[PDB]
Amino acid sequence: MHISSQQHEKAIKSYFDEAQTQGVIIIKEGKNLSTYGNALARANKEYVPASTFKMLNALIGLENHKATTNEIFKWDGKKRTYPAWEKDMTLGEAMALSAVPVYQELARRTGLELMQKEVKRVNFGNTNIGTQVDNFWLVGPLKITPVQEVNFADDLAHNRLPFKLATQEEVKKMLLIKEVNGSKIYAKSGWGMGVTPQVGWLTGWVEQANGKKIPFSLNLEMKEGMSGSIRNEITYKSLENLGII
């Protein structure tokens, strides 16, 4: 509309600056990528995917019959970092809670050889999973750029990934995080705990009421003390500033 690009860029930059971190949000409209934020050079830099990999882990596990969407993964009874992980849950529940143990079990079911084949087949990030099937998305060697993440989101949103349609639809159902006046936001957060500096992600898309899908990827540095919700807050403020929601 009437707001200048200068003003949108200043606003979105300010959301990162006010959080006292450095980051970017990339938005894709059709084929065009737009880069906003306070550290634009991050757009083509590699970071661990962290829990954003759960989207791909789920696609792989479902496609390869290593789980179903109704299967309840039982809690083993051992102490976890958060109480919400000390419970039985499905893949979709684990997606929302970013329950690493569930997705480590899924990864171990898939196994190293198949996992590597599938990550290569999808062309995800640097494509390298190394030798440890249960943490390769967390500590390396798998890495991905924000441009690659928004492009993955665009692929999933439009059922373009090399998986069955129904596999993609199943995973997409797991990713609904917010509804805002008629728009739906599908996304997965990431937080690279135990990498340094720590990366934060929120990668997904907006499905507008008219059916248009607008992929995005937020990437920032998570600082001591920071709440995970800052990823969501910056994302929503940016999308709102641009009129996408």
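Numbers for residues come from their place in the sequence shown, where the first is 1.
For the pair 220-228 and 233-241, the mean B factor over Cα atoms is greater in 220-228. Across the two stretches, 91-99 and 74-82, the PDB entry reports the greater mean Cα temperature factor for 74-82. For the set 153, 144, 112, 171, the PDB entry puts the maximum C-alpha B factor at 112. Within the group 181, 44, 203, 51, the record's highest C-alpha temperature factor is found at 181. When the CA B factors of the chain's modelled residues are split into thirds, the value for residue 196 lands in the highest one. Remark: residue 118 belongs to the highest third of its chain, ranked by C-alpha B-factor as recorded. When the CA B factors of the chain's modelled residues are split into thirds, the value for residue 55 lands in the lowest one.
When all modelled residues of the chain are sorted by CA temperature factor, residue 61 is found within the middle third. Residue-level temperature factors show residue 126 in the middle third of its chain, judged at the C-alpha atom.
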